[PDB]
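Contents: one structure, followed by commentary.
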Amino acid sequence: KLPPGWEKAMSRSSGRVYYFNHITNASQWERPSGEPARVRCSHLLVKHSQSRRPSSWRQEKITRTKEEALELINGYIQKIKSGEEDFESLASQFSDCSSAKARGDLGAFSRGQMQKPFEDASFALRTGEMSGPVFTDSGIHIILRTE
Ligand SMILES: OCc1cccc2c1OCC2
Ligand SMILES: OCc1cccc2c1OCC2
Numbered sequence: 006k007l008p009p010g011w012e013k014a015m016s017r018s019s020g021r022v023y024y025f026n027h028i029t030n031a032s033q034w035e036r037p038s039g051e052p053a054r055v056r057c058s059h060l061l062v063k064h065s066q067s068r069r070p071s072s073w074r075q076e077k078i079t080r081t082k083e084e085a086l087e088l089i090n091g092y093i094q095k096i097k098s099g100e101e102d103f104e105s106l107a108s109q110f111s112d113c114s115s116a117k118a119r120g121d122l123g124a125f126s127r128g129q130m131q132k133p134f135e136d137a138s139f140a141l142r143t144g145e146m147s148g149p150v151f152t153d154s155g156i157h158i159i160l161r162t163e
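In case it helps, full-length UniProt numbering puts the sequence shown at residues 6 to 39, 51 to 163.
This is the structure:
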């Protein structure tokens, strides 16, 4: 019926159908369009107090709650989707990963190298697509598949 991981849902506020991906946490109104050895992705990471390493180049001691980190991620996604901000600009300013210095770019990678939820979301994205919030032991990620 639909590409890997997609399902139909109904908007609670408007009653219109939309589509949700349970691997990437992406959601969109339009029906999703019609696997490679490697993908290339960028990401924006927001760490929280239960992150494997609660520290980053932005903050020596990361104290925000996981719920707070999700609110921040959700707000970045809103501004990317509206065009008020670019993904690369937000990643450079606010990602708790040191890849922030490369506008979030991680380069190319294969299966078995990244943390599993990150890997699964990366490979389920189509080229150019963005994930919703993706949870790993590092924190919460927004993932952009660039190749
Ligand atoms: O693009 C990859 C990259 C650039 C800069 C810093 C880091 C990176 O990955 C781990 C930390
Ligand atoms: O390339 C992946 C990577 C991992 C860790 C650190 C750095 C990296 O790239 C620039 C600095």
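By construction, the Cβ of each residue, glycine as well, lies at the ideal position given by its N, Cα and C atoms.
Discussion item. DSSP three-state label for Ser154, please.
Written reply: On the sequence shown, position 138 is the one that residue 154 refers to. Note: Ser154 maps to coil in three-state DSSP.
Worksheet item: If you draw a straight line from the C-alpha of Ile28 to the C-alpha of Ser65, how long is it?
Response: Start at 1 with the first residue of the sequence shown, and residue 28 comes out as number 23. Start at 1 with the first residue of the sequence shown, and residue 65 comes out as number 49. Their Cα atoms are separated by approximately 24 angstroms.
Discussion item. For a quick check, are the C-beta atoms of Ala124 and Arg56 less than 8 angstroms apart?
Written reply: Residue 124 sits at position 108 when you count from the first residue of the sequence shown. Residue 56 sits at position 40 when you count from the first residue of the sequence shown. A contact, by the Cβ cut-off of 8 angstroms.
Discussion item. Any heavy atom of ligand 2 inside 7 angstroms of the beta-carbon of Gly120?
Written reply: Position 104 of the sequence shown, counted from the start, is the residue given in the question as residue 120. Not under cutoff, so the answer is no.
Fill in: For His59: DSSP bridge partner residues
Working through the sequence shown from its first residue, we reach residue 59 at position 43. Partner(s): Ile159.
Worksheet item: Between the beta-carbon of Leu160 and the beta-carbon of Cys113, is there less than 8 angstroms?
Response: Sequence index remark: in the sequence shown, residue 160 carries index 144 (1-based). Sequence index remark: in the sequence shown, residue 113 carries index 97 (1-based). With contacts defined by Cβ atoms closer than 8 angstroms, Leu160 and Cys113 do not form a contacting pair.
Discussion item. Nearer than 7 angstroms: is that true of the beta carbon of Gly123 relative to any heavy atom of ligand 2?
Written reply: On the sequence shown, position 107 is the one that residue 123 refers to. In this structure, ligand 2 has a non-hydrogen atom nearer than 7 angstroms to the beta-carbon of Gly123.
Fill in: Buried or exposed (CB count within 10 angstroms, at least 16 for buried), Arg17
Within the sequence shown, numbered from 1, the residue matching residue 17 stands at position 12. When all chains shown are included, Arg17 counts as exposed.
Fill in: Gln94 - DSSP class collapsed to helix/strand/coil
Numbered from 1 along the sequence shown, position 78 holds the residue referred to as residue 94. Helix at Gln94.
Worksheet item: On the three-state DSSP scale, how would you describe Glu83?
Response: Numbered from 1 along the sequence shown, position 67 holds the residue referred to as residue 83. It is helical.
Discussion item. Less than 8 angstroms between C-beta atoms, sequence neighbours within five positions excluded: which residues of the same chain meet that for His59?
Written reply: Along the sequence shown, read from residue 1 onward, the residue named residue 59 stands at position 43. Counting only Cβ-Cβ distances below 8 angstroms, and skipping sequence neighbours, we find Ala107, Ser111, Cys113, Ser115, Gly120, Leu122, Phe134, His157, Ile158, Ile159 and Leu160.
Worksheet entry | Nearest to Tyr92 (by Cα), restricted to the options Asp153, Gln109, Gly144 and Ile78 | Counting from one through the sequence shown, the residue named residue 92 turns up at place 76. For the options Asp153, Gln109, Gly144 and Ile78, the alpha carbon positioned closest to that of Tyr92 is the one of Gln109.
Worksheet item: Between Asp153, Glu145 and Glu76, which lies nearest to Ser32 when the distance is taken from Cα to Cα?
Response: Numbered from 1 along the sequence shown, position 27 holds the residue referred to as residue 32. It is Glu145 whose Cα lies nearest to the Cα of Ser32.
Discussion item. With a threshold of 6 angstroms on Cβ separation, who are the neighbours of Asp136 within its own chain once the five nearest residues in sequence on each side are excluded?
Written reply: Residue mapping note: residue 136 aligns to position 120 of the sequence shown, counting from 1. Shown here for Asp136: same chain residues with a beta carbon closer than 6 angstroms to its own, the five before and five after excluded, namely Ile28 in chain order.
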